[PDB]
Amino acid sequence: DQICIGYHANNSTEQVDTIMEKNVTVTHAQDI
Amino acid sequence: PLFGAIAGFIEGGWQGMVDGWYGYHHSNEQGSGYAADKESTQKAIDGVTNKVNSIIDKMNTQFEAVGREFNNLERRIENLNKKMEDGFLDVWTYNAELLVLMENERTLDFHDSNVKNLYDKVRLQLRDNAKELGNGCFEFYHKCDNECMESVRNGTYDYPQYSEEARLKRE
Amino acid sequence: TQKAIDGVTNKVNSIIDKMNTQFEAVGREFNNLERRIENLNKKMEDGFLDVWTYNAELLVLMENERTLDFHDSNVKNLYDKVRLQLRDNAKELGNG
Ligand SMILES: *[C@@H]1O[C@H](CO)[C@@H](O)[C@H](O)[C@H]1NC(C)=O
Ligand SMILES: *[C@@H]1O[C@H](CO)[C@@H](O)[C@H](O)[C@H]1NC(C)=O
Ligand SMILES: *[C@@H]1O[C@H](CO)[C@@H](O)[C@H](O)[C@H]1NC(C)=O
């Protein structure tokens with residue numbers, strides 16, 4: 001009787017950049 | 001492939017659960033579904049679109065380069081114009097790129113804190129009537145069916161209702 | 001420690017990379033009947049220097065708080081990792 005908590009995924013290859021790490025794969029991203 | 005939930009004790013995401021950004025996964029004797037926690041997904045989406053719209057709004061008053069022409073005895077003024085326009089384009093390029101970097105890390109930390117806050121909400125509701133398995137799961141100690149599953153997913157879990165079987169099952 | 005040092009060196013390197021295209025002051029000369037344009041040049045160069053000084057100093061301030069909170073979150077995530085695996089076999093003493 002587990003009620004495990006988690007999050008959503010795809011197989012997407014959308015990549016963003018942050019301050020401390022590049023090539024960050026994300027579920028959803030918006031090119032601007 | 002800051003907060004410690006996304007790529008933390010919860011090791012990976014769930015491909016099957018596509019209704020929301022965050023949700024649950026119950027596995028009882030009556031079935032095994034992949035539900036989504038609303039009013040957390042909607043709050044996250046509202047915050048993310050609000051952040052994006054603020055990034056669009058703050059950049060409306062950028063610098064617009066216009067074409068100014070000068071002759072061969074106006075080379076200092078031409079150099080001044082070139083340096084002014086290029087410096088303003090460099091300033092706004094730095095502003096856009098650096099704002100994208102900070103708000104990207106803030107968005108990732110926001111999703112992480114949302115997942116950890118959902119985890120802590122379930123932890124503070126179940127209390128001792130469950131068992132933290134360490135990966136984000138709560139193995140229930142009493143007999144929990146869909147009726148208490150929806151109350152865990154709601155926020156209306158009733159702690160005094162279920163305490164007899166947990167003590168007996170422990171050794 | 002490896003992830004932390006990779007993160008801080010990546011942060012520092014992105015700080016260096018974003019500031020390659022700053023403003024470079026170039027010396028331009030004007031005569032005594034070109035004092036308005038001389039003032040315009042002085043104000044432009046000084047305003048761009050002020051803008052990039054503000055950018056560098058403020059970025060240093062934010063990234064310093066982010067680095068300190070990153071080290072703090074790394075220590076707390078190690079503590080929470082050890083608590084999660086130990087379960088009830090151990091006992092939190094409060095000090096860590
Ligand atoms: C990832 O970022 C690096 C810079 O570190 C860049 O060279 C590379 O092209 C990026 N990856 C992809 C798949 O574009
Ligand atoms: C992943 O997110 C993308 C956008 O990057 C979206 O189109 C998609 O529905 C999600 N799922 C899959 C299976 O690609
Ligand atoms: C959960 O909330 C919904 C919406 O208010 C309600 O219809 C449902 O009965 C609730 N479930 C429980 C177990 O209280």
Side-chain angles (χ1 to χ4, degrees), chain A residues 1 3 5-32, chain B residues 1 6-7 12-26 28-31 33-45 47-49 51-52 93-94 96-98 100-105 107-108 110-112 114-115 118 121-122 124-127 129-130 138 140 142-163, chain C residues 2-3 5-21:
Chain A
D1 288 2
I3 194 70
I5 304 131
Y7 31 98
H8 144 86
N10 29 50
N11 302 306
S12 202
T13 50
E14 285 301 318
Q15 285 198 165
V16 299
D17 293 336
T18 67
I19 309 108
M20 296 182 283
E21 158 146 47
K22 295 333 172 109
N23 311 146
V24 164
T25 315
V26 280
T27 59
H28 303 108
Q30 185 178 313
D31 196 41
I32 55 176
Chain B
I6 296 193
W14 289 337
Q15 300 258 0
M17 171 219 104
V18 282
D19 214 58
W21 275 349
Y22 333 113
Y24 292 81
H25 166 227
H26 80 269
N28 48 22
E29 79 282 72
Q30 300 187 19
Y34 268 94
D37 186 281
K38 58 173 179 181
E39 74 95 38
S40 209
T41 308
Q42 197 47 50
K43 210 163 298 178
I45 290 178
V48 154
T49 325
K51 159 185 294 175
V52 170
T93 293
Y94 170 82
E97 269 177 331
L98 175 100
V100 161
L101 291 192
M102 329 201 209
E103 301 307 314
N104 277 1
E105 225 175 49
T107 295
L108 295 187
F110 176 54
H111 293 297
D112 209 325
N114 285 334
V115 173
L118 192 41
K121 190 206 73 170
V122 198
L124 286 164
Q125 285 171 7
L126 303 190
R127 307 254 295 268
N129 294 355
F138 289 97
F140 271 92
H142 59 98
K143 258 293 180 179
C144 199
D145 71 322
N146 293 346
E147 203 163 8
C148 47
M149 258 51 174
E150 64 214 29
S151 75
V152 176
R153 296 206 298 270
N154 263 21
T156 67
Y157 182 74
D158 200 281
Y159 178 81
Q161 275 264 340
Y162 326 98
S163 268
Chain C
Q2 201 34 73
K3 217 161 297 179
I5 64 191
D6 276 346
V8 278
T9 325
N10 268 176
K11 161 183 302 186
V12 170
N13 291 350
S14 314
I15 278 142
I16 323 299
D17 287 358
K18 288 303 145 203
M19 296 258 192
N20 239 326
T21 35

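Side chains are part of it too, since the values below use all heavy atoms of this structure and drop only hydrogens, waters and symmetry mates. The chains referred to below are lettered A, B, ... by the order of the sequence lines, with proteins before strands, and numbering in each begins at 1. First listed ligand is number 1; within each ligand, the first listed atom is number 1.
For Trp14(B) and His25(B), the distance between ring centers is under 6.0 angstrom. A ring-centre distance under 6.0 Å is not found for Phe138(B) and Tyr24(B).
The shortest N/O to N/O separation between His28(A) and ligand 2 falls below 3.5 Å. Of the N or O atoms in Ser151(B), none lie within a sub-3.5 Å distance of an N or O in ligand 3. For ligand 2, none of its N or O atoms has an N or O atom of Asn11(A) under 3.5 Å away.
In this structure, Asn154(B) CG and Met149(B) CE are separated by 13.5 Å, a value rounded to the nearest 0.5 Å. Between the CG atom in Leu98(B) and the CD1 atom in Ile19(A) there is a gap of 7.5 Å [rounded to 0.5 Å].
Residue contact check: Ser12(A) has heavy atoms under 4.0 Å from atoms 5 (O) of ligand 2. Near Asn154(B), the atoms of ligand 3 lying under 4.0 angstrom from a non-hydrogen atom of the residue are 1 (C), 2 (O), 3 (C), 8 (C), 10 (C), 11 (N), 12 (C), 14 (O). Using a 4.0 Å cut-off to heavy atoms of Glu14(A), the atoms of ligand 2 that qualify are 5 (O).
Closest protein heavy atom to atom 3 (C) of ligand 1: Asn23(A) ND2, 3.6 Å. What sits closest to atom 2 (O) of ligand 2 on the protein, heavy atoms only, is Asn10(A) ND2, 2.3 Å. The closest protein non-hydrogen atom to atom 13 (C) of ligand 1 is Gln15(A) NE2, 3.8 Å. Residue, atom and distance of the protein heavy atom nearest to atom 5 (O) of ligand 1 are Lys22(A) CB, 4.4 Å. Scanning the protein for heavy atoms near atom 14 (O) of ligand 3, the closest one is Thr156(B) OG1, 3.4 Å.
Protein non-hydrogen atoms do not reach within 4.0 Å of atom 9 (O) of ligand 3.
Under the 4.5 Å side-chain criterion, counting only non-hydrogen atoms from C-beta, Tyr157(B) is not in contact with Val122(B). At least one side-chain heavy atom of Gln15(B) sits less than 4.5 Å from a side-chain heavy atom of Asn11(A).
Judged purely by distance below 3.5 Å, without hydrogens or angles, the side chains of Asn146(B) and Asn28(B) pair a donor atom with an acceptor atom.
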Q. Could you go step by step and tell me if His111(B) and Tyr22(B) meet the side chain to side chain donor-acceptor pair (under 3.5 Å) rule?
A. CA-CA 9 Å; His111(B) 293 297; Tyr22(B) 333 113; 2.8 Å; yes
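For the pair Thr27(A) and ligand 2, a heavy-atom separation below 4.0 Å is found.
Look at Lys121(B) and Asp37(B) and you find a salt bridge, because one of the NZ, NE, NH1 or NH2 atoms lies within 4.0 Å of a carboxylate O, short of that distance.
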